[PDB]
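K.L.:
Here the protein sequences line up with chains D and F, keeping their order. Quick note, the first sequence lines up with residues 3 to 247, 260 to 664 if you use UniProt numbering. Quick note, the second sequence lines up with residues 3 to 247, 260 to 664 if you use UniProt numbering. Cβ coordinates follow ideal geometry from the N, Cα and C atoms, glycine included.
2 protein chains.
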Amino acid sequence: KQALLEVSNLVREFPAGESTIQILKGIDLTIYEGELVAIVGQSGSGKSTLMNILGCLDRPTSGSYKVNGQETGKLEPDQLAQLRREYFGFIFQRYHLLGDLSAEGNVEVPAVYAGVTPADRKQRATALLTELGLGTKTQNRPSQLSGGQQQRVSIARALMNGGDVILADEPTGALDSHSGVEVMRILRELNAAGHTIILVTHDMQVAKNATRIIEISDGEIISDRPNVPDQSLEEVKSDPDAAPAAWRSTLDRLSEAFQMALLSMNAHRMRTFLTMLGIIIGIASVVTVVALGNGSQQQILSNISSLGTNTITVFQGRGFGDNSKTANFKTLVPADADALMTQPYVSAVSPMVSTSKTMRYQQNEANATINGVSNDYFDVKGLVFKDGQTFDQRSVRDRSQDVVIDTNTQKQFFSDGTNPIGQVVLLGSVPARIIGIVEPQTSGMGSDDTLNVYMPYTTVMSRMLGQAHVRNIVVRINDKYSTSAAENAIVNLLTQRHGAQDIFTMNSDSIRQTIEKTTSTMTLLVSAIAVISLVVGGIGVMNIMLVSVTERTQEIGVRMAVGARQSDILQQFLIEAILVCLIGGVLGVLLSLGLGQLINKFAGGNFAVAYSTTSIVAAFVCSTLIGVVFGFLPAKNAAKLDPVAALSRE
Amino acid sequence: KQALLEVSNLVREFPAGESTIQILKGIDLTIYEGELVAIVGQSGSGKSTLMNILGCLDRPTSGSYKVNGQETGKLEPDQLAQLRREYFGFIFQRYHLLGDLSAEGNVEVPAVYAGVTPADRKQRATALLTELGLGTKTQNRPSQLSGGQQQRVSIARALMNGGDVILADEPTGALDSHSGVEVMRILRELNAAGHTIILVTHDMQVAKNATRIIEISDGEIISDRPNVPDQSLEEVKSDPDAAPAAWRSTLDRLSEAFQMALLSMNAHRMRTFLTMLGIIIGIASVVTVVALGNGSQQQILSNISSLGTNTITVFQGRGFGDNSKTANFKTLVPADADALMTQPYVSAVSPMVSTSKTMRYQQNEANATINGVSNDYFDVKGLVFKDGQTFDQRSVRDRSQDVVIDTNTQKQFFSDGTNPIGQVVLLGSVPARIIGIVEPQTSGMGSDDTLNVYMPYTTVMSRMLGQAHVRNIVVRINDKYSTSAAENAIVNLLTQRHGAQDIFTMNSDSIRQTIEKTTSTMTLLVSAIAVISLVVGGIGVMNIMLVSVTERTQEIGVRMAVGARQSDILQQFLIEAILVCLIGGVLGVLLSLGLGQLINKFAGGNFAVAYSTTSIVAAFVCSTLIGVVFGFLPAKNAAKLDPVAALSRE
Ligand SMILES: Nc1ncnc2c1ncn2[C@@H]1O[C@H](COP(=O)(O)OP(=O)(O)S)[C@@H](O)[C@H]1O
Ligand SMILES: Nc1ncnc2c1ncn2[C@@H]1O[C@H](COP(=O)(O)OP(=O)(O)S)[C@@H](O)[C@H]1O
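#1: Could you check whether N142(F) and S181(F) sit closer than 9 Å to each other, using their CB atoms as the reference points?
#2: Inspect the CB distances between the region 22-40 of chain F and the region 613-633 of chain F and report whether three or more fall short of 8 Å.
#3: Considering just the uninterrupted stretch of the alpha helix (DSSP H) at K68(F), what are its terminal residues?
#4: My guess is that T537(F) and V328(F) are in contact by the Cβ rule of under 8 Å, so how many angstroms apart are they, rounded?
#5: Return helix, strand or coil for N385(D), following the three-state DSSP convention.
#6: Taking Cβ-Cβ distances below 9 Å as the criterion, which residues of the region 197-219 of chain D are in contact with chain F?
#7: Shortest alpha-carbon distance to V438(D) belongs to which of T464(D), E501(D), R374(D)?
#8: Which runs of the alpha helix (DSSP H) at least 4 residues long sit entirely within the region 71-118 of chain F? Give them in chain order.
#9: For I295(D), go through chain F and note every residue whose CB falls closer than 8 Å to its CB, in chain order.
#10: Output the residues surrounding ligand 2, defined as those with a CB atom closer than 5 Å to any ligand heavy atom, in chain order.
#11: Can you tell me where the alpha helix (DSSP H) with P120(F) in it begins and where it stops?
#12: Check distances from the C-beta atoms of the region 337-362 of chain D to those of chain F and list, in chain order, the residues that come in under 7 Å.
#13: When the Cα atoms are used, what is the spatial distance from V69(D) to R285(D)?
#14: Report the residue from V185(D), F646(D), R566(D) whose alpha carbon sits nearest the alpha carbon of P657(D).
#15: Just to make sure I have the definition right: I need the residues of chain D whose C-beta is within less than 8 Å of the C-beta of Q44(F). Which are they?
#16: Out of curiosity, what's the CA-to-CA distance linking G107(F) and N308(F)?
#17: Distance, Cα to Cα, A195(F) vs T203(F)?
#18: Return the chain-ordered list of same chain residues with a C-beta closer than 6 Å to the C-beta of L604(F), the five sequence neighbours on each side being excluded.
#19: Applying the criterion that 16 or more other CB atoms from any shown protein chain within 10 Å of the CB defines a buried residue, is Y495(F) buried or exposed?
#20: Looking at the secondary structure, which residues open and close the beta strand (DSSP E) in which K371(D) lies?
#21: Would you please verify whether the beta carbon of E530(F) is less than 9 Å from any beta carbon of chain D?
#22: So the alpha helix (DSSP H) residue 253(D) belongs to, where does it begin and stop?
#23: Any beta carbon from chain F within less than 9 Å of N389(D)'s own beta carbon?
#24: May I ask whether a heavy atom of ligand 1 can be found less than 8 Å away from the beta carbon of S562(F)?
#25: Taking the straight line between their C-alpha atoms, what separation do you get for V467(D) and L315(D)?
#26: Cβ closer than 9 Å: which chain D residues qualify as neighbours of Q510(F)?
#27: Between the region 347-364 of chain F and the region 400-408 of chain F, do three or more beta carbon pairs fall short of 8 Å?
#28: Is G28(D) near ligand 1, with its Cβ less than 8 Å from a heavy atom?
#29: Residues of the region 487-520 of chain D with a CB closer than 9 Å to any CB of chain F: list them in chain order, please.
#30: How about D406(D) and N389(D): do their beta carbons lie closer than 9 Å?
#31: Please tell me whether, using a cut-off of 8 Å, the distance from the CB of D178(F) to the nearest non-hydrogen atom of ligand 1 is below it.
#32: Is there a Cβ from chain D that is less than 9 Å from the Cβ of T128(F)?
#33: Any idea what DSSP makes of residue 709(D), helix, strand or coil?
#34: Say yes only if the C-beta of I23(D) is nearer than 8 Å to one or more non-hydrogen atoms of ligand 1, and no if none qualify.
#35: When the distance is taken between beta carbons, is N280(F) closer than 9 Å to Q233(F)?
#36: Would you call the CB atoms of residue 665(F) and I297(F) closer than 9 Å?
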């Protein structure tokens, strides 16, 4: 049969000066289930090292330590953690509780790592705290408890996963006489109930509370004797404490890891706020710059949209003056448009003049732009008729006073729902009857807001301007033919048709393309400058997480001792970083949205802010990725701590 | 006569639940110089509270406490610190040493806070450490010392500033039996030497080391009896330890505050690196963006300086399509420049043609752009002659083969130091004699880097091109007399000479002004976005400083008890932040300079990086201001800590 704790020729060496020093020197030691063992020696004796090895927090480097038959010498971290969850509970001189949790929570932690039903572990935690006289202090934080009360909490914690072997490191060293007596009473009562208890001390008067006293000095055991305490006659057991013992639970520990990181945020609200603030400012500047560049691009493009697709505009305008010295040189005339119409690369053509008059209806007045155009103009610019129809070529010839109106003029003058078609409006001093309504090119509520009116160019030229010439001529190029080659043909045709190079062009597609390219490139560079800010925010996240790993070093050690896997610690800290970056990426998005409405109020007619939902999604994802990347390094550093050095980190 | 410590009616209340609780209930107590006093009681007794008041770390809050006649009831923090420096030394259960310093440094700290000569305090530190058996461990850090060794370090520390009244709070509570014997031996020997010692404990067997035992319970003193230790027979005194003891010095404490901040940076090197890194990225991005916008503006403007000042260039339309359409439609001819010459607003005028030929010298060849210009061209464009002169008007008439060169061609062909003037070079197939060298308009190279040659336009048109027309004509407007009106007048005149409006103009000053304003505006917007990054860096600095205040809370408390003023603490932390941000600004500047040299390797001849020295200085100042500001709140929070709560922070 196996003895519960079986040590054989245990040698623990440490390197010291291109050589070694033995701290444990060939220790043989058998401890049976139910013994009350005290191991006593002074500083330097090796009692600590021995207990660390006994608690599966360290490995021999020479010898054998079998826990219920299981050799620990060659076990890997999660296997030793398995043994700690299975057979050991720990009590520390300084009563290492987790300041952020309640007594109940600290008691639960080992059951969290062992994968114990949360309802059942709640029951067990409050039951053990009540059994040890802390039934009314269940919800107190460690900062709300006295030393003895905290040590009683950690006794209940040690009992959570069974309490098979309670390893107690000088429990009565920090706290006073009375509460030391109480702690020792509890331990002896647990031993009476069958709990194996190993007490490590330097005060023989503490060791005398045990039934077996092993004395250690300079790495070797020098005494091993039974003992009967004197105070067993006073402390009669009038309060009979007898309380001995691929995809499933990973989810439970992930839920708890989220909860734990969340509580660490609630504990340090200023720190959390500042770190999130850095991420909020970063994400907000990136989403803002991107939406500003996109919306401004769309706005500038709509301001071009008064031109068509495959549209070549033929301008010639310049300085003003007399009829004989300026008008005689205005060679662009509608006969030129008639000539262009017959070219194999021209699918549509329209002269274009314009004037601005006061438009009247029953009582309304409003200034409006009256465009003198061809019946084909709507075909050139791609305008869509809402209700009516265009001009007849005859009505252009006959100087008709028919008129086409856009959506904006309908809103201005026919807000009642009165059908504009057939209604006579008055343009300055010229009456005109509406024969059609056009849906504009504009994309946006307040991106255009102008009143466009369309009459035959012959009528506007004759009745309103008194001129024989055209402001410009728009041409839509056939067959998707090379608009540039058609452009050159137009320049040669009109130039040969005129007496000289009296014209210049505007290629709508070329200008649009240049605007898209230039605005896109500038958007990319500037939003990269914003991403620099976001990078600095991420660096801040990493630095804070690393520092909180240092802060929580002892918490990490305690969690390991109670049963945490390196995985579990990694998940805990990494989830903290991720949650911090997400909560703040969302707030950066919302801040950017509010700032977007601010700009959309106070901006001009070129600056506009438009938020693509995939830039919002990209913001959320890149915030989470900053959490995963920048937070990872600290979370791994926490997961890889030596629980011995962590427990004694001070 | 006055007793050293004179206590009367100490009542210490703390609020607890819409009421208060008395922790000291009217304590009277007289302690004379040289007494060895133990104050003993269990948790709740008030012994610590009493000892804190005795040490000038708290105020009676009701009653009187006189230290050598000085009432503490109404004293302000720095006055209580004065009393601590004057009369008190402190020893703590956990032997609160400063992990970053050596034993010697920890011993020095109280002398730093007092007005003590650094050399003399070094001597005292090593002397006291040698007296207490730490002569060979003088340089060890606290992590390199045992509990007893650290406790002897803090004994020497308490003795540094005199050791008048040594308050020891459970000194033998953390450490083992043997080293407790040694600590108590040392304390008794100091008492024999005359030191007043007040020992506070809960273990009567420790209290029995004193000669006077005052027992306290539930806030009141219940026993006060003399005592003779049992070990007075053991200690025959064979080793007689008898060692009893704003413009001027503010600068010395500033030196020490700088040194302490520096050592704290060395202690946490990764933290320092990351915190500094944020500022480095911020300052580098801002200085980089500013230098990029400024230099690019200078480059793009240099490409315009070739258009001269107040110069209106008369360009002409394509005019091509055929060789016969070139002959037909190239209406801009040098006679038009002759006509422009006579106008009242034209001070100088030049036709301009250009072609590219291979420029040859003795054996050297390089392709060069030959500009056919008027003798006035240099006045219009504002070019300055380095050595020679321009053409004669006669030589323009006579189709002269004179040539003027720029500095780039001088470098290409006359690198020897050979004077180009009088030398005959060959341009394609036309020889030409150099009559002058011209210094260009440009500052940065960018795209030019071009070989410019100037010959009479009549000669280039006649001999090299075989054409009757001019590419464009430049005019310099006198007095700046309505250059915009001159543009229109030129168009009207040239249009009147031709058969149409077949010419257009370009106002050099308008273009320059537009470029200057637009690029300047882009510089401000983008560099503001970089400053966003710098802001996030500062926020990170603040968060880190708050965290290091929390981390060092006990260090702050120990410093206060040892004798630090709130001033001293604030200076310490403020200097830390300032120093980190200052260095991060310097490194941000150096990174920015390197990045500028990197950018200058890019293929964009429009992007250029120019560093103003006032943006470097601005970087230094704004980095230091981030240090002071963010930067400040943590340092004040450190200075305003309650030294009692700070010392008991865990
Ligand atoms: N890294 C390391 N390096 C060198 N020596 C070590 C190390 N770790 C432990 N030891 C030794 O084990 C003992 C630890 O606890 P003990 O209870 O025996 O005395 P303490 O004062 O440390 S509580 C101590 O006496 C040390 O001499
Ligand atoms: N903020 C505060 N609030 C309420 N009560 C306080 C407070 N501070 C001290 N006290 C009391 O004074 C005593 C402190 O030291 P003592 O040596 O007498 O016992 P300890 O267990 O704290 S070492 C302690 O027993 C407490 O009951």
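P.N.:
Per the coordinate set shown:
#1: It is not a contact, given that the beta carbons lie outside the stated cut-off.
#2: Too few Cβ pairs lie closer than 8 Å, so no.
#3: For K68(F), no alpha helix (DSSP H) segment is defined; the enclosing uninterrupted segment is the beta strand (DSSP E) at 66-69.
#4: With a beta-carbon spacing of about 33 Å, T537(F) and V328(F) fall beyond the 8 Å limit used to define contacts.
#5: In the structure shown, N385(D) sits in a strand (DSSP, three-state: E or B).
#6: Using a CB distance below 9 Å, the part of the region 197-219 of chain D facing chain F consists of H204, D205, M206, ordered along the chain.
#7: When only C-alpha atoms are compared, the closest one is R374(D).
#8: With a minimum length of 4 residues, the continuous alpha helix (DSSP H) runs that stay inside the region 71-118 of chain F are 79-89, 105-115.
#9: Correct list: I546, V549, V550, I553.
#10: Listed along the chain, these residues meet the criterion: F16(F), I25(F), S45(F), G46(F), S47(F), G48(F), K49(F), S50(F), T51(F).
#11: Bounds of the alpha helix (DSSP H) holding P120(F) are 120-133.
#12: Going along the region 337-362 of chain D in chain order, one finds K339, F343, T345 with a Cβ nearer than 7 Å to chain F.
#13: The straight-line gap from Cα to Cα measures roughly 44 Å.
#14: Among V185(D), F646(D), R566(D), the Cα nearest to that of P657(D) is on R566(D).
#15: By Cβ distance, chain D contributes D178, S179, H180.
#16: Using only the alpha carbons, I get a separation of about 51 Å.
#17: Here the alpha carbon of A195(F) sits roughly 23 Å from the alpha carbon of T203(F).
#18: There are no such residues.
#19: A residue is called buried once 16 or more other Cβ atoms fall within 10 Å of its Cβ, and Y495(F), having fewer, is exposed.
#20: Where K371(D) is concerned, the enclosing beta strand (DSSP E) stretches over 360-374.
#21: In terms of beta-carbon proximity, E530(F) stays away from the interface with chain D, with every pair separated by 9 Å or more.
#22: Here residue 253(D) is not present, the numbering of chain D passing from 247 to 260 in one jump.
#23: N389(D) is outside the set of residues whose beta carbon lies under 9 Å from a beta carbon in chain F.
#24: No.
#25: Going from the Cα of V467(D) to the Cα of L315(D) covers about 22 Å.
#26: Here the neighbours are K339, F343.
#27: No: fewer than three Cβ pairs fall under 8 Å.
#28: Every heavy atom of ligand 1 is 8 Å or more from the Cβ of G28(D), so no.
#29: Listed in sequence order: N502, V505, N506, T509, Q510, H512, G513, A514, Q515, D516, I517, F518.
#30: The criterion of a C-beta distance shorter than 9 Å is satisfied by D406(D) and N389(D).
#31: Yes; taking the cut-off as 8 Å, the Cβ of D178(F) has a heavy atom of ligand 1 nearer than that.
#32: Nearest CB-CB separation between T128(F) and chain D: not below the 9 Å threshold.
#33: Missing from the structure shown is residue 709(D); chain D here goes from 3 to 664 and no further.
#34: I23(D) Cβ: within cutoff of ligand 1.
#35: At a Cβ-Cβ threshold of 9 Å, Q233(F) and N280(F) do not count as neighbours.
#36: The structure shown has nothing for residue 665(F), since chain F only spans 3 to 664.
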